[PDB]
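Heavy atoms only: backbone and side chains are in, while hydrogens, waters and symmetry mates are out. Letters A, B, ... mirror the listed sequences (proteins, then strands); counts begin at 1.
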Amino acid sequence: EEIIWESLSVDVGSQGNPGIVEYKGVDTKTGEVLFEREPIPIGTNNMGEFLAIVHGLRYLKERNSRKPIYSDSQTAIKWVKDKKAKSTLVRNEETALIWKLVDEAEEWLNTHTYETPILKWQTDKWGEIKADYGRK
RNA sequence: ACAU
DNA sequence: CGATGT
Ligand SMILES: [K+]
Ligand SMILES: [K+]
Ligand SMILES: [K+]
Ligand SMILES: [Mg+2]
Ligand SMILES: [Mg+2]
């Protein structure tokens, strides 16, 4: 603790895992939805969590914002730190879209800089992250 | 185990 | 109950 209220919170939503994946980012303080990705027909939870963080980085950089990003995903936070999404999802025609987006997110990380702190949302202490989809 |  | 991850 405590929550850094001046921040952006992101989360994934899915129908199946693997399954249809979407994500959104919200203002932690107000819950205002700031971006939402169009559903991707097949992906994993962790790919979506990773894309959500990287999109948040790009969103904040474009707006000259130094706010931190909260994510509840230990996995995706590490993948962003490493600049490498170590997903097990098969690469085939059905998964080509998500894998293109993941590849492109890695490429952006490898060609840009940021100081944005990427923080673990402490669900056990604080309840669900403010960007949660309410599907569980 | 822990995080989803 | 199933799956994705460190
Ligand atoms: K949910
Ligand atoms: K959660
Ligand atoms: K497991
Ligand atoms: Mg999540
Ligand atoms: Mg959630």
Side-chain angles (χ1 to χ4, degrees):
Chain A
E1 294 235 15
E2 236 287 76
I3 291 158
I4 298 166
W5 290 104
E6 193 170 312
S7 60
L8 171 68
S9 292
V10 302
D11 198 18
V12 71
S14 87
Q15 300 161 232
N17 182 33
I20 300 172
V21 167
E22 63 196 324
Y23 67 73
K24 71 180 186 275
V26 311
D27 185 305
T28 306
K29 185 207 321 294
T30 67
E32 180 186 358
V33 179
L34 300 176
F35 55 82
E36 282 184 293
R37 166 67 211 198
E38 167 179 296
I40 301 153
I42 297 165
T44 69
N45 64 327
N46 294 321
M47 295 164 108
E49 299 271 20
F50 172 76
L51 294 176
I53 297 172
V54 177
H55 193 76
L57 291 169
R58 296 180 70 165
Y59 177 93
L60 294 173
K61 182 176 185 79
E62 172 71 21
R63 290 160 180 75
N64 294 316
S65 174
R66 290 174 50 83
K67 286 176 177 179
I69 295 169
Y70 277 116
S71 163
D72 65 19
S73 177
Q74 183 180 114
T75 296
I77 294 170
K78 184 183 186 300
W79 286 358
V80 172
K81 177 191 174 82
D82 294 340
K83 307 189 176 196
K84 174 51 70 169
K86 196 172 140 208
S87 179
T88 67
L89 188 65
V90 60
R91 281 188 186 260
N92 59 33
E93 204 161 81
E94 301 179 21
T95 67
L97 175 51
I98 193 99
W99 266 119
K100 181 160 187 290
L101 295 172
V102 168
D103 290 347
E104 291 168 346
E106 295 179 342
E107 183 64 22
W108 187 88
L109 292 171
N110 282 326
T111 51
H112 296 78
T113 67
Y114 64 86
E115 295 177 20
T116 305
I118 299 170
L119 307 178
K120 177 67 175 67
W121 180 262
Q122 294 177 54
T123 306
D124 59 326
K125 303 177 187 174
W126 303 340
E128 286 270 31
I129 193 164
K130 307 310 186 173
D132 182 56
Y133 278 80
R135 294 172 181 187
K136 312 192 317 171

ask   = If you look only at pairs with a residue in residues 111-131 of chain A, which of them pass as a salt bridge (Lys or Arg N to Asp or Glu O under 4.0 Å), with sequence neighbours excluded?
value =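 Qualifying pairs, neighbours excluded: A/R66-A/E115.
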For a quick test of reading the model, state the closest non-hydrogen atom pair linking [X] to [Y] and the distance between them.
{"X": "A/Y114", "Y": "A/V80", "result": "OH-CG1, 3.6 Å"}
{"X": "A/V26", "Y": "A/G31", "result": "CB-O, 3.8 Å"}
{"X": "A/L60", "Y": "A/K67", "result": "CD1-O, 3.4 Å"}
{"X": "A/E49", "Y": "A/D72", "result": "OE2-OD1, 3.4 Å"}

Carboxylate-amine/guanidinium contact A/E106 A/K84, below 4.0 Å =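 Looking at A/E106 and A/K84, the cut-off is met.
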key: Within residues 4-39 of chain A: residues closer than 4.0 Å to RNA chain B (heavy atoms)   =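 Contacting residues: none.
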request  = Under 4.0 Å from any atom of RNA chain B, heavy atoms only: list the residues of residues 69-79 of chain A that qualify, in numerical order.
outcome  =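 Contacts with RNA chain B under 4.0 Å: A/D72, A/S73, A/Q74.
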inquiry  = Tell me every residue that passes ring pair (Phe, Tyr, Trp, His ring centres under 6.0 Å) with A/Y133, counting only those two or more places apart in sequence or in another chain.
reply    =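 With sequence neighbours excluded, A/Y133 shows a ring pair (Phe, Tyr, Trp, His ring centres under 6.0 Å) to no residue whatsoever.
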request  = Quick one: the dot-bracket string of RNA chain B, using Watson-Crick and G-U wobble pairs with both distances under 3.5 Å, [ ] for crossing pairs and | for bases paired to another strand.
outcome  = ||||
Does [X] have any side-chain contact (heavy atoms from CB on, under 4.5 Å) partners at least two apart in sequence or in another chain, and if so, which?
{"X": "A/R58", "result": "A/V54, A/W108"}
{"X": "A/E38", "result": "none"}
{"X": "A/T30", "result": "A/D27, A/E32"}

ask   = Just the endpoints, please: which first and last nucleotides of RNA chain B, 5' to 3', lie under 4.0 Å from a heavy atom of chain A?
value =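 Both ends considered, the range comes out as B/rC2 to B/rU4.
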query = If you draw a 6.0 Å radius around CD in A/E104, do more than 12 non-hydrogen atoms from other residues or ligands fall strictly inside?
reply =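 For A/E104, atom CD is crowded (more than 12 foreign heavy atoms under 6.0 Å).
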Cut-off 3.5 Å, no hydrogens considered: what does the side-chain donor-acceptor table look like for residues 12-23 of chain A, sequence neighbours left out?
unit_1 : atom_1 : unit_2 : atom_2 : d
A/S14  : OG     : A/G16  : O      : 2.7
A/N17  : OD1    : A/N45  : N      : 2.9
A/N17  : ND2    : A/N45  : OD1    : 3.3
A/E22  : OE2    : A/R135 : NH1    : 3.1
A/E22  : OE2    : A/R135 : NH2    : 2.3

request  = Under 4.0 Å from any heavy atom of chain A: name the first and the last nucleotide of DNA chain C that qualifies, 5' to 3'.
outcome  =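 Extent of the interface on DNA chain C: C/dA3 to C/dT6.
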Whichever hydrophobic residues join A/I129 through chains of side-chain contacts under 4.5 Å =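 Listed partners: A/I3, A/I4, A/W5, A/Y70, A/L119, A/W121, A/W126.
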